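A.B. asks: Once you've had a glance at the structure underneath, I'll fire off some questions.
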Amino acid sequence: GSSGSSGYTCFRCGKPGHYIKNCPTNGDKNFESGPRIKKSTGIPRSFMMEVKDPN
Ligand SMILES: [Zn+2]
């Protein structure tokens with residue numbers, strides 16, 4: 001879980017607006033997973049990298 005961009009997000013399905021306790025998927029057998037089917041393209045860190053070098 002990340003802390004900053006957004007206060008918090010449903011740790012159940014991974015969708016904002018509601019909490020794991022108020023998550024809809026709860027009352028469902030077949031639901032989607034995470035944000036999308038795609039997890040990553042092929043990079044370690046694109047933005048997560050905040051490292052800076054003056055030289
Ligand atoms: Zn949810």
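Each chain in the structure tokens gets a letter, A, B and so on, in the order shown; residues start at 1 in every chain, and ligands are counted from 1 in the order they appear.
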Which residues come within 12 Å of residue 23 of chain A, counting only C-alpha atoms, excluding same-chain residues fewer than 2 positions away, as a compact mmCIF listing (two decimals) with N, CA and C atoms, in the first residue's frame?
C.D. replies:
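Done, and the output landed in selection.txt:
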# COMPACT_ATOMS: atom_id res chain seq x y z
N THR A 9 -7.46 3.27 0.35
CA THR A 9 -8.22 2.58 -0.69
C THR A 9 -8.60 1.17 -0.24
N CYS A 10 -9.71 0.67 -0.77
CA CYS A 10 -10.18 -0.67 -0.43
C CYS A 10 -9.08 -1.70 -0.62
N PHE A 11 -8.62 -2.27 0.49
CA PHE A 11 -7.56 -3.28 0.45
C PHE A 11 -8.11 -4.62 -0.03
N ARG A 12 -9.41 -4.66 -0.30
CA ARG A 12 -10.05 -5.88 -0.77
C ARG A 12 -9.85 -6.07 -2.27
N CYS A 13 -10.47 -5.19 -3.05
CA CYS A 13 -10.36 -5.25 -4.50
C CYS A 13 -9.33 -4.26 -5.02
N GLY A 14 -9.14 -3.17 -4.27
CA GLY A 14 -8.18 -2.16 -4.67
C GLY A 14 -8.83 -0.99 -5.39
N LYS A 15 -10.01 -0.60 -4.93
CA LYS A 15 -10.74 0.51 -5.54
C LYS A 15 -11.13 1.55 -4.50
N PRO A 16 -10.83 2.82 -4.78
CA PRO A 16 -11.14 3.93 -3.88
C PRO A 16 -12.64 4.20 -3.79
N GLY A 17 -13.01 5.21 -3.00
CA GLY A 17 -14.41 5.55 -2.84
C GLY A 17 -15.07 4.77 -1.72
N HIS A 18 -14.59 3.55 -1.48
CA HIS A 18 -15.14 2.70 -0.43
C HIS A 18 -14.03 1.98 0.32
N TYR A 19 -14.38 1.39 1.46
CA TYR A 19 -13.42 0.67 2.28
C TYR A 19 -13.66 -0.84 2.22
N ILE A 20 -12.61 -1.61 2.47
CA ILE A 20 -12.71 -3.07 2.44
C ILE A 20 -13.96 -3.54 3.17
N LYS A 21 -14.33 -2.82 4.23
CA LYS A 21 -15.51 -3.17 5.01
C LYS A 21 -16.79 -2.86 4.24
N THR A 25 -17.72 -6.13 -3.75
CA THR A 25 -17.30 -7.48 -4.09
C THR A 25 -17.67 -8.47 -3.00
N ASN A 26 -17.73 -7.98 -1.76
CA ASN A 26 -18.08 -8.83 -0.62
C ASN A 26 -19.28 -9.71 -0.95
N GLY A 27 -20.34 -9.10 -1.48
CA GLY A 27 -21.53 -9.84 -1.82
C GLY A 27 -21.52 -10.32 -3.26
N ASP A 28 -20.41 -10.91 -3.68
CA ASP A 28 -20.27 -11.41 -5.05
C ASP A 28 -19.34 -12.61 -5.10
N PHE A 31 -15.92 -11.77 -9.36
CA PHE A 31 -15.66 -10.35 -9.56
C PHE A 31 -14.30 -10.14 -10.20
A.B. asks: If DSSP is run on the backbone, what residues of chain A are helix (DSSP H, G or I)? A reply as a PyMOL selection string would be ideal.
C.D. replies: chain A and resi 20-22+25-27
